[PDB]
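Take a look at this single chain, the form solved without the DNA, given in structure tokens.
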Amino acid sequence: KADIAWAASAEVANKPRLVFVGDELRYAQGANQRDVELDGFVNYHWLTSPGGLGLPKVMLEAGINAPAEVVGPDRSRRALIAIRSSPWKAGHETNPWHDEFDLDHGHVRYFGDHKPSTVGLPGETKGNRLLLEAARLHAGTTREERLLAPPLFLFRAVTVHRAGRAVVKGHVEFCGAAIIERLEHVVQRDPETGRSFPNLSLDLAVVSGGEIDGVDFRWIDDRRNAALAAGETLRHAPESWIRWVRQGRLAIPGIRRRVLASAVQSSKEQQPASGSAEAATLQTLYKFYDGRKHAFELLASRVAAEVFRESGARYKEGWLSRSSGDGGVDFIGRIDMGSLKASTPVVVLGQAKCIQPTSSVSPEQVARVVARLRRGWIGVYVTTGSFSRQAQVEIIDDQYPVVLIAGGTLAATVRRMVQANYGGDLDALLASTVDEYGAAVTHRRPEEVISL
């Protein structure tokens, strides 16, 4: 009876049990601990506590959860804290005290479980007590305290579909492990009685799984192990959390989870391939348009036009704002979105800047264009050089409606315009943009492109 129960624990201790952010789990009431996948999804109780360990379940009810206080040769320890929130609304805001999940930037604001009927002060409820006691450890200035600091695992109630219909109850979503970076006392007004009650407000920093966005659940097996030390649990623990226990609060901005919407391109993958014809072509473009910026602005307008038409959308070229000097906007255009005789106008603000293909564009120069954009307006930045990482990061993060055109796209679109209606001769378009054509500035308001 001992050899078997031990060999099973060793068996589950050998195999890794990974979870990932977004993983739909099946949280069933009275579920076993053997079924690896219940009802199509990975079973919760098995993932958190396999049957091989011989350990009881880690309940995940609405609010704050925690298993028994782990007593050990190390010290008294809290294994972990399991958090669960809802999304179904039935109110006015619905809540001024609603839990906010910013997983893309690794930050979650979560509110305590103090009820208006709770007789006492935060936190007489088990949940808030666990939260305070853990907060004291997360605010630890030593490794001896941060080792004891129980990991807060996040879960989110999700609606899961199958073949037909949608199941709202019975499923959860792993959101990650987090550090308690701030705790506050708040006052929430219960609308049922119109009476104010106190509560807790946690600012949490979600740590990123290295190298892939996930967590090995054997770490929890380590935490729950009453025969282990606090330092003996950092074997299957993510490197970020380890770096937190090793460093402190100063490691937070470096280990905090970070997810962008779209991909970011380096200067090398924005510029054409080294040695290719497009490289020498871009160099000749930088050499030719170094003296005159305006012809480069006209070129940029035409290029932008061909780029917007490349997708399929109907584009209408407007004009060029300036004839001398510099400004925030260099050229104006318009995009008719939809079908013919029903399409809606979208003003296209354009900025062009000729620069070394090795050089990159600063985010403030892009922002000088973004700032002029009103509702229903989009932008386009045309350059010979590349775009800095922070530029694209700020664009993606803040959801900036700006089309980026670096060396590569410029070279390709121009090369397509050299073959289409230029007849191979590039100096034809190059010189045509220099004289005659460059005199047309129109000099009108940007929103007046709609009228024509």
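The term rigid core refers to the most C-alpha atoms you can superpose between the two forms while keeping them within 1.5 Å. Quick note: we count residues from 1 along the sequence shown, nothing fancier.
Beyond what is shown, the protein has a form deposited with the DNA bound; the following relates to that form.
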**Asked** Out of the stretches listed (350-358, 111-119, 209-217, 135-143), which one is close to the DNA in the bound PDB entry, meaning heavy atoms within 4.5 Å?
**Response** 111-119
**Prompt:** Does the 4.5 Å heavy atom contact test between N421 and the DNA in the bound PDB entry come out positive?
**Reply:** no
**Prompt:** Do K169 and the DNA share at least one heavy atom pair within 4.5 Å in the bound PDB entry?
**Reply:** yes
**Item:** is_contact(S85, the DNA) in the bound PDB entry, heavy atom dist at most 4.5 Å
**Value:** yes
**Asked** Might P401 be said to contact the DNA in the bound PDB entry, defining contact as any heavy atom within 4.5 Å?
**Response** no
**Prompt:** So which of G408, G63, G52, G385 reaches within 4.5 angstroms of the DNA in the bound PDB entry, heavy atom to heavy atom?
**Reply:** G63
**Stretch 24-62: residues contacting the DNA in the bound PDB entry, 4.5 Å heavy atom cut-off** = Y27, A28, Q29, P56, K57, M59, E61, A62
**Item:** Core-superposed comparison between the shown form and the other one - Cα displaced by 2 angstroms or more, from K268, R374, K169, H161
**Value:** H161
**Message:** Quick check on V12: with the core superposed, does its CA move 2 angstroms or more between the shown form and the other one?
**Reply:** yes
**Core-superposed C-alpha of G327 shifting 2 Å or more between the shown form and the other one** = yes
**Item:** Did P73 shift 2 Å or more between the shown form and the other one, C-alpha, core superposed
**Value:** no
**Asked** What happens to the Cα distance from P96 to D398 in the bound PDB entry: does it get closer or farther than here, with a change of 3 angstroms or more?
**Response** farther
**Message:** Since the Cα-Cα distance for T193 and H92 shifts by 3 angstroms or more in the bound PDB entry, is it a contraction (closer) or an expansion (farther)?
**Reply:** farther
